[PDB]
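Following: one structure in structure tokens, then a few remarks.
Proteins come first, then strands; the chains are lettered A, B, ... in the order of their sequence lines, and each starts at number 1.
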Amino acid sequence: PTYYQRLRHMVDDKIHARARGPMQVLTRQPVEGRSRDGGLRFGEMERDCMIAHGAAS
Amino acid sequence: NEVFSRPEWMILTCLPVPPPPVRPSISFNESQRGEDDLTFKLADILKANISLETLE
RNA sequence: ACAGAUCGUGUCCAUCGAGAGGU
DNA sequence: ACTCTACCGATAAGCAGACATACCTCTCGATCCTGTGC
């Protein structure tokens, strides 16, 4: 036997998926947040990774 | 450059105002018309200009 | 002459700061 | 020959400017009024 504990991090509270959801006002870009059906951010690092891959389209 | 950027154009004599899309209205919880800081600054500039014109 | 109640579709509650987090 | 003082270059030393990995999650507050009116 060994003592084990359950942490506050569950997969049910972390799974997210967006496909043309709610829209912002100022920047007209997808909103942020799982609670308000947000979209993941394509950061700069992913941009240079795609550039190095050569996938321009 | 004599065509695109003259030296005398660095002095502000006619300040354009951004359109409402640049400075939208924040709806905010409960029916209150919260406004952007740019609108308040533009109103302040207009008030200062009117005061200067009247004082002159 | 003509000269309407709503109906039918309806868009969200935002911003600024502070704290706690986890790879 | 270098005194009476001027611009040339070559530094010392203080005055400010810009900025700090990336990803997302959650909660919690605040967004005005006091002197002045008849």
Applied to residues 24-33 of chain B, the side-chain hydrogen bond (donor to acceptor under 3.5 Å, both in side chains) test, sequence neighbours excluded, yields B:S25-B:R33
Residue pairs meeting side-chain hydrogen bond (donor to acceptor under 3.5 Å, both in side chains), one or both in residues 38-47 of chain A, sequence neighbours left out, come to none
Note: contacts of residues 17-25 of chain B with DNA chain D (heavy atom, under 4.0 Å) are none
Inspect the six-membered rings of D:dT25 and D:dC26 and say whether their centres lie under 5.5 Å apart and their planes under 30° apart.
-> yes
(request) With the thresholds 5.5 Å for ring-centre distance and 30 degrees for plane angle, say whether the bases of C:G10 and C:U11 stack. (result)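 No, which means the ring centres are not under 5.5 Å apart or the planes are not under 30°.
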**Asked** What is the distance from atom CG of B:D44 to atom OG1 of B:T39, rounded to the nearest 0.5 Å?
**Response**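 It comes to 12.5 Å.
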Interatomic distance, B:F40 atom CZ to B:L38 atom CG [nearest 0.5 angstrom]: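 One finds 11.0 Å between CZ of B:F40 and CG of B:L38.
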What nitrogen or oxygen pairs link the protein and nucleotides 23-26 of chain D at under 3.5 Å?
{"unit_1": "D:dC23", "atom_1": "OP1", "unit_2": "A:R41", "atom_2": "NE", "d": "2.9"}
{"unit_1": "D:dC24", "atom_1": "OP1", "unit_2": "A:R41", "atom_2": "N", "d": "2.8"}
{"unit_1": "D:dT25", "atom_1": "OP1", "unit_2": "A:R34", "atom_2": "N", "d": "2.6"}

Can you figure out if D:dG9 has a north or south sugar, judging by whether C1'-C2'-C3'-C4' is positive or negative?
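Here the sugar adopts a south pucker, which is what a negative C1'-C2'-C3'-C4' value indicates.
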Nucleotide C:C16: sugar north or south according to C1'-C2'-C3'-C4':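 North pucker for C:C16.
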Whole angstrom is fine here: how far is it from [atom1] in [X] over to [atom2] in [N]?
X     : N      : atom1 : atom2 : value
B:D37 : D:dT31 : CG    : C1'   : 11 Å
A:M45 : D:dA22 : CE    : P     : 7 Å
B:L38 : C:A14  : CG    : P     : 21 Å
A:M23 : C:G10  : CE    : P     : 19 Å

Contacts of B:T54 meeting side chain to side chain donor-acceptor pair (under 3.5 Å) (sequence neighbours excluded), chain-then-number -> none
* Can you name the side chain to side chain donor-acceptor pair (under 3.5 Å) partners of B:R6, sequence neighbours left out? ->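 In terms of side chain to side chain donor-acceptor pair (under 3.5 Å), with neighbours along the sequence ignored, B:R6 is linked to B:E8.
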> How would you list, by chain and number, every residue that makes a side-chain contact (heavy atoms from CB on, under 4.5 Å) with A:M45, sequence neighbours excluded?
Replying inline: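 Only A:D48 meet the side-chain contact (heavy atoms from CB on, under 4.5 Å) criterion with A:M45.
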Tabulate atom names and distances for all N/O pairs under 3.5 angstrom spanning the protein and nucleotides 11-13 of chain C.
{"unit_1": "C:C13", "atom_1": "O2'", "unit_2": "B:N29", "atom_2": "N", "d": "3.1"}
{"unit_1": "C:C13", "atom_1": "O2'", "unit_2": "B:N29", "atom_2": "ND2", "d": "3.0"}
{"unit_1": "C:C13", "atom_1": "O2", "unit_2": "B:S27", "atom_2": "OG", "d": "2.6"}
{"unit_1": "C:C13", "atom_1": "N3", "unit_2": "B:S27", "atom_2": "OG", "d": "3.0"}

Pick the P atom in C:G10 and in D:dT34, then give their distance to the nearest Å.
46 Å
- Message: Go through it in stages, so that I can follow the logic: the residues are B:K47 and B:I50, the test is side chain to side chain contact (heavy atoms under 4.5 Å, CB included), and I'd like the CA-CA distance, side-chain angles, deciding distance and then a yes or no.
- Response: CA-CA 5 Å; B:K47 280 166 43 182; B:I50 287 189; 5.8 Å; no
In a table with atom names and distances, give each donor-acceptor pair under 3.5 Å that connects a side chain of residues 5-29 of chain A to protein atoms at least two apart or in another chain.
{"unit_1": "A:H16", "atom_1": "NE2", "unit_2": "A:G38", "atom_2": "N", "d": "3.4"}
{"unit_1": "A:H16", "atom_1": "NE2", "unit_2": "A:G38", "atom_2": "O", "d": "2.4"}
{"unit_1": "A:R18", "atom_1": "NE", "unit_2": "A:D37", "atom_2": "O", "d": "3.3"}
{"unit_1": "A:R18", "atom_1": "NE", "unit_2": "A:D37", "atom_2": "OD1", "d": "3.4"}
{"unit_1": "A:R18", "atom_1": "NH2", "unit_2": "A:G21", "atom_2": "O", "d": "3.3"}
{"unit_1": "A:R18", "atom_1": "NH2", "unit_2": "A:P22", "atom_2": "O", "d": "2.5"}
{"unit_1": "A:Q24", "atom_1": "OE1", "unit_2": "A:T27", "atom_2": "OG1", "d": "2.7"}

Regarding C:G4, purine or pyrimidine glycosidic angle vs 90° from 0 gives syn
Residues at least two apart in sequence or cross-chain that pass salt bridge (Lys or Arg N to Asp or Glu O under 4.0 Å) with B:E35, listed by chain then number, are none
The contact string for nucleotides 16-23 of chain C, one letter per nucleotide 5' to 3', using protein heavy atoms under 4.0 Å with B, S and - for base, sugar-phosphate only and none, comes out as -----SS-
| field | Co-members of the apolar cluster containing B:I45 [side chain, <4.5 Å] | value |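 Result for B:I45 is B:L15, B:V17, B:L42.
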